[PDB]
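Only one structure is covered here, and it is reproduced in the block below.
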Amino acid sequence: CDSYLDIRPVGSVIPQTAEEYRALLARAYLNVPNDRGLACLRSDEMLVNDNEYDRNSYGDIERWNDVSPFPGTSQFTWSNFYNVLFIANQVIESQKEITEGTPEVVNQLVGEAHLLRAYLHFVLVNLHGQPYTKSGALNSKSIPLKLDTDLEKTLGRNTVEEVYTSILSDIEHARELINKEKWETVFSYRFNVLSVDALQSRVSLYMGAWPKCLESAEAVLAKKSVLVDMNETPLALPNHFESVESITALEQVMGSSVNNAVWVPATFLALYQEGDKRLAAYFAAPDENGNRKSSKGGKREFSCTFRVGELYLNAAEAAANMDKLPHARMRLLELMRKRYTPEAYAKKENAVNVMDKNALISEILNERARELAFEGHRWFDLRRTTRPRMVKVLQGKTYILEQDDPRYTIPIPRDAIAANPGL
Amino acid sequence: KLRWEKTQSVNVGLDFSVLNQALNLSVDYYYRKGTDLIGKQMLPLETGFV
């Protein structure tokens, strides 16, 4: 005599309210995998320790050993990526059903979910997909896009163009939905409008869409351009979550285990010229071999996804790529003045102000490598920019990564293929 | 997409009575194949769960 079919089971927490969905999205934020540190382990800015346990896990990644790793080596976390993607899609599909929440709060939740989904897809297609700028890589299948919460279907790999179109669509949705200007310092891992614009700038930079990249970078800089001046505080890390430069502090790029197991090779330190406060601020005491450790990560308070220095570098690169040399030079020298000793800043200005297009672009790329050291940015910059031939000396052996090597794309993890043979 | 566990049944019967109910026979051959039975499956990793 009584029947409505609207009954919620009692005995477990079923997210229905805006606070419950905020808790779910916070758990999704926590489980964001830090696979950009492992990805940059594949680059030239890291050297695994001479130990055995510390090398049996990360040695094969550094050596570009895609075929026959040691089974004990570290693996990229496909499962965590797609679990956070599932939670984001659940939050997205739960709109128009979130109870006990202001529309400006539900809209912010859905926009955060959209931006998190876009960022996760971007990182996945960067890790396991060919670069957007590579010839013949636009129609190549890279990763399966997760756009629903279906548990009874097997997803096929989507092409890079499809993935980037979905990323741009999700960025636009987040821009339309996100309405928070700034979160608390303790809750700064969440996304805000500046996060939307910074993510759009980085995406357009990786696609090579220089106009939109410059537009988004300049929008961020107009809304916020305050940096940390290195000359008044030598030990002021720009990537610290409490710094005035961090926009989003979502992912601790460097895990404790990986940061405890690597050095900074002497070549990368030699790239740092005299007068750089980053040389004495980023890294620890020199080792007898000449390779220092790092102090930019390894603990939770060094979480950084976007920050204003990266926006300056993106703006400079876009301006240089669209022949807007004065703008690129202005941004690059602004960053250098914020970073360099003012004695060496004069020499840097004298050198940069006479640079042509190609030399200027190389200089911004070098400054980007210097600034974003140990932030999960060198490997992806190498993939998007030049794919240069790399020589790595390890334990008396030489390992060579050819120019435009097919090994610039990390293979899909073994567990992912085992669970989904169609990858 | 949770739903009921489907069962497809085919039954062939035969009733046969002789000699003023002196002998009654009822024979049934059945084939019931069940599908979509709710159970634990190892999902692909893209579903978000193992």
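Reconstructed Cβ throughout: ideal geometry from the backbone, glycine too, with neighbour counts over all protein chains shown. None of the figures in this text is laboratory data; all of them are computed from the coordinates on show.
With semi-axes defined as the square roots of five times the eigenvalues of the C-alpha gyration tensor, the equivalent ellipsoid of the stretch A:61-119 measures 38, 10, 7 Å, largest first.
In percent, how large is the relative contact order of the stretch A:161-238, given Cα pairs closer than 8 Å and 6 or more residues apart?
Worked out over the stretch A:161-238, it gives 20 percent.
Using just its DSSP H runs of length 4 or more, each adding -39500 (n - 2.57), the protein assembly as shown gives a mean residue ellipticity at 222 nm of -13500 deg cm²/dmol after division by all residues.
Angle of helix A:160-177 to the longest C-alpha principal axis of chain A, folded into 0 to 90 degrees and rounded to 10: 70°.
Let me spell out the model: positive unit charges on the Cβ of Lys and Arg, negative unit charges on the Cβ of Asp and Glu, origin at the Cα centre of the protein assembly as shown. What dipole size does that give, in debye rounded to 20?
On the way: 56 positive and 62 negative charges, 156 e Å.
Its charge dipole is roughly 760 debye.
For the stretch A:342-359, 3J(HN,Hα) computed residue by residue from phi via the Karplus equation (6.51, -1.76, 1.60; θ = phi - 60°) reads x, 5, 6, 5, 4, 5, 4, 5, 4, 6, 6, 5, 10, 6, 7, 5, 5, 5 Hz, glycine and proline entered as x.
Under conditions of 37 °C and 0.692 mPa s, chain B yields 216 µm² s⁻¹ as its translational diffusion coefficient, taking Rh as the Kirkwood radius over Cα pairs in the Stokes-Einstein equation. The overall shape of the stretch A:236-317 is oblate: from the C-alpha gyration tensor, with semi-axes ordered a ≥ b ≥ c, the ratio a/c is 1.5 or greater and a/b is no larger than b/c. The peptide list B:32-43, A:295-306, put in order of mean Cβ contacts within 10 Å with the highest first, becomes A:295-306, B:32-43. Annotation: the residues A:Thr409, A:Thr233, sorted from fewest to most other C-beta atoms within 10 Å of their own C-beta, follow the order A:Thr233, A:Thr409. Normalised by residue number, the volume inside the convex hull of the Cα atoms of the stretch A:143-220 is 115 Å³ per residue.
Peptides A:267-273, A:7-13, A:186-192, ordered by how many other C-beta atoms sit within 10 Å of their residues on average, highest first, read A:186-192, A:267-273, A:7-13.
When the charge dipole of the protein assembly as shown is built from unit charges on Cβ atoms (+1 for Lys and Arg, -1 for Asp and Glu) and taken about the Cα centre, the candidate among A:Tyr399, A:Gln200, A:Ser166 whose Cα reaches farthest toward its positive end is A:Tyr399.
Highest mean first, the peptides A:413-421, A:217-225, B:8-16 sorted by other C-beta atoms within 10 Å per residue fall in the order A:217-225, A:413-421, B:8-16. Pair-distance distribution P(r) for the stretch A:272-366, from all Cα-Cα distances in 5 Å bins starting at 0: 2, 12, 19, 20, 18, 14, 10, 4, 1 percent. Principal-axis analysis of the Cα atoms of chain A puts helix A:18-30 at an angle of about 40° to the longest axis.
On the principal axes of its alpha-carbon atoms, the protein assembly as shown has extents of 121, 57, 40 Å, going from largest to smallest. For the residues of A:152-160, the average number of beta carbons from a partner chain within 10 Å of their own beta carbon is 2.
Short to long, the 5 Å bins of the Cα pair-distance histogram for the stretch A:341-405 hold 4, 13, 17, 20, 18, 14, 8, 5, 1 percent of all pairs.
Working from Cα pairs under 8 Å separated by at least six residues, relative contact order for the stretch A:45-143 is 17 percent. Straight-line cross-link partners of A:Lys224 among the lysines, defined as a Cα under 30 Å from its Cα and at least 8 positions apart when in the same chain: A:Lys180, A:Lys182, A:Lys212, A:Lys277, A:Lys296, A:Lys299, A:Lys324, A:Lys338, A:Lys347, A:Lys348, A:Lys357. Computed about its Cα centre, the charge dipole of chain B is approximately 220 debye, with only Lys, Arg, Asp and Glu carrying charge at their Cβ. Residues B:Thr7, A:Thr248, ranked from the fewest to the most other C-beta atoms within 10 Å, line up as B:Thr7, A:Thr248. Dipole of the protein assembly as shown computed with +1 at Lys/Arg Cβ and -1 at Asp/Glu Cβ about the Cα centre; of A:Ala284, B:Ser17, A:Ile178, farthest Cα towards the positive end is A:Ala284.
Averaging over all projection directions, find the projected area of the Cα convex hull of the stretch A:81-199 and quote it in nm² with one decimal place.
Computing the convex hull of the Cα atoms and averaging its projections yields 8.2 nm².
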